[PDB]
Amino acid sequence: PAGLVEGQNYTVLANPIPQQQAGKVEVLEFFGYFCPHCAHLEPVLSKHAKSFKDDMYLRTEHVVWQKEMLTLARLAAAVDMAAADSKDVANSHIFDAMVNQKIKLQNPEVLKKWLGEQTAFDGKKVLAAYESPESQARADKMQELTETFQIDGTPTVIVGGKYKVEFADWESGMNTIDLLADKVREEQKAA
């Protein structure tokens, strides 16, 4: 009962999600910018990700549960593309915009205006990313992942493509991520 217990603090996916970077340990968060629980996890996870080793990385994907949500996915794509060393600031701004200020960032007309107004992160370069074909492609991939892997709740955190974190609370889930990262790192090396 110490450490990792399957069915208690993690479960194993029936179908693993391909990792973006081979030979590394991926921590993958599915989220939505509208989601109060995602907004609460965000500061905990972003703080924790600073402690990640050089072979670990945090990948994020916005769920797409309806056609209207592709706009938010394209925003998520644009942030990941161009926000660079201010991505944490960007995500924090966006979560607060949607969850606390009730800003309708799912409306492209509201979103583009709002991005152009950002300087705490580079709003204009993120807008450039939003307007580029790449963010459309990334949003479509997000939808494919949502549907293929039947992601039906947010936040969902998966380590090493195969281990789903079963959260008791956010802080304790960070310990689970660390234990899973070690499990993955050494499974992968042994293979």
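Numbers for residues come from their place in the sequence shown, where the first is 1.
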Going by the entry, of stretches 27-35 and 118-126 the one with greater average Cα B-factor is 118-126
When mean C-alpha B-factors in the record are compared for 59-67 and 42-50, the larger belongs to 42-50
Split the chain's modelled residues into thirds by Cα B-factor; residue 176 lands in the lowest
Chain thirds by Cα B factor, record data; residue 168 belongs to the middle
Among the modelled residues of its chain, the C-alpha B-factor of residue 97 falls in the third labelled middle
Binned into thirds over the chain's modelled residues, the C-alpha B-factor of residue 81 lands in the middle
For residue 154, the third of its chain by CA B-factor is the middle
